[PDB]
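Novice:
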Ligand SMILES: Cc1cc2nc3c(=O)[nH]c(=O)nc-3n(C[C@H](O)[C@H](O)[C@H](O)COP(=O)(O)O)c2cc1C
């Protein structure tokens, strides 16, 4: 229970992990011109541990998938070559690392689109003015009205994910994670609060689940189920991505993942779910527990977790692995600190998205 169950080995498919502290995917914006830089190597290397699992920042799968400044891409030979150098360093420390494939959908701006073209999505409806997009100059902009793509273009996006999954393997990545959460492209098809389509990709839970099912299946056939992880957030309403029945949508997603595993005769690397964060917390815990019970495979929880909460989650059987975002930013050796239960450093939100390759990136001290 308290003898820290976070440090007991765990089998994640063909990957033998030595502990359960996981680095959650986090956009840091240091990949100048969407090209991984040596700094990304320093940062990850700094946080990697023998047998530890790392999940990279969201990564572009095409020239139209970005919505943040200087986020890494993995759709060009140049990008793969730079990633490979980063993965080698990470692998040298004995860690496992998956590349998160990320497409922002409508959460973008003309400034992030080639030829200033408009962002794509499942709908033509934009994000409310309740949300402002971070601009390259450091200010905030207004999310534009997106272009509702047809069925044909949808299949092309599916191919972009598939090809990026291959490039990831080519770069040496142990696997990839499908970013299907936080209101981005895939979540824009999942959430009935956004998906207003009348074709076979909209309406019922089934149709709304079609896109992510085709994406996961596509990458599964490309690099093998055991090297694919999926992240979703049924109960996160970030960027107007809400659903009338969060838990139902999540179960529907879980059912599809269970079938894909069955049909592929192999299990996914894991299901990764983000929690919202008292009756609210007791309600969220149930939701999280239910999704976990429903999914036949490794479950990774995320969202405001602490050393105490992580220890509890694994002990109570609510999860097999616990990812940490913010605390991992200011604590390179977070794994080590959670082990010794040492004080943690504070994080500086101000330097979460700046471009400096050191300040607020790799200059947070070790114990
Ligand atoms: C600066 C920053 C960047 C993030 N970038 C991503 C991302 O690219 N993809 C993603 O799925 N989640 C992203 N997240 C969400 C985190 O992965 C994670 O779910 C969150 O940090 C969990 O809560 P915690 O900070 O209490 O650990 C980001 C969070 C922060 C603070």
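Residue numbers (the entry's author numbering): 7 to 283, 295 to 384. Cβ coordinates follow ideal geometry from the N, Cα and C atoms, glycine included.
When you compare only the Cα positions, how much space is there between residue 162 and residue 221?
Specialist: Residue 162 and residue 221: Cα-Cα distance of roughly 11 Å.
Novice: Can you tell me which of 186, 373, 381, 340 puts its alpha carbon nearest to the alpha carbon of residue 286?
Specialist: Along the chain, the last residue before the gap is 283 and the first after it is 295, so residue 286 carries no coordinates.
Novice: Within the structure, which residues are defined as neighbours of ligand 1 by a Cβ-heavy atom distance below 7 Å, reported in chain order?
Specialist: Cβ-based neighbours of ligand 1 within the cut-off: 30, 31, 32, 33, 34, 63, 64, 106, 108, 185, 187, 188, 237, 280, 319, 320, 321, 322, 340, 341, 342, 343, 344, 346, 369, 370.
Novice: Please classify residue 274: does DSSP put it in a helix, a strand, or coil?
Specialist: coil
Novice: Would DSSP call residue 353 helix, strand or coil?
Specialist: helix
Novice: Residues in the same chain with beta-carbon distance under 8 Å from residue 56, minus the five sequence neighbours each way, listed in chain order, please.
Specialist: 24, 99, 100, 101
Novice: With DSSP collapsed to three states, give me the class of residue 161.
Specialist: Helix at residue 161.
Novice: For residue 48, report the span of its alpha helix (DSSP H) as first-last.
Specialist: 44-53
Novice: By the three-class DSSP mapping on this structure, what secondary structure does residue 126 have?
Specialist: strand
Novice: Across which residues does DSSP place residue 105 in a beta bridge pair?
Specialist: 182
Novice: Alpha carbons only, please: which of 58, 376, 299 is nearest the one belonging to residue 356?
Specialist: 58
Novice: Determine, using beta-carbon pairs with one atom in the stretch 263-273 and one in the stretch 316-336, whether at least three such pairs fall under 8 Å.
Specialist: no
Novice: Take the Cβ of residue 381 as the centre, count every other Cβ of all protein chains shown within 10 Å, and call the residue buried at 16 or more, exposed below.
Specialist: By the 10 Å Cβ count, residue 381 comes out buried.
Novice: So is residue 383 buried or exposed if we call it buried at 16+ other beta carbons inside 10 Å?
Specialist: exposed
Novice: When you compare each of 115, 243, 371, 104 to residue 274 by their alpha carbons, which one comes out closest?
Specialist: 104
Novice: Closest to residue 73 by C-alpha separation, out of 140, 231, 176, 201, would be which residue?
Specialist: 140
Novice: Assuming contact is defined by CB atoms lying nearer than 7 Å, are residue 41 and residue 65 in contact in what I supplied?
Specialist: no
Novice: Measure the beta-carbon distance from residue 91 to residue 47 and round it to whole angstroms, keeping in mind my assumption that it falls under 8 Å.
Specialist: In this structure residue 91 is in contact with residue 47, their Cβ atoms being roughly 6 Å apart against a cut-off of 8 Å.
Novice: Please state whether the Cβ-Cβ distance between residue 183 and residue 281 is less than 7 Å.
Specialist: With respect to the 7 Å criterion, residue 183 and residue 281 are not classified as neighbours on the basis of their beta carbons.
Novice: Return helix, strand or coil for residue 177, following the three-state DSSP convention.
Specialist: coil
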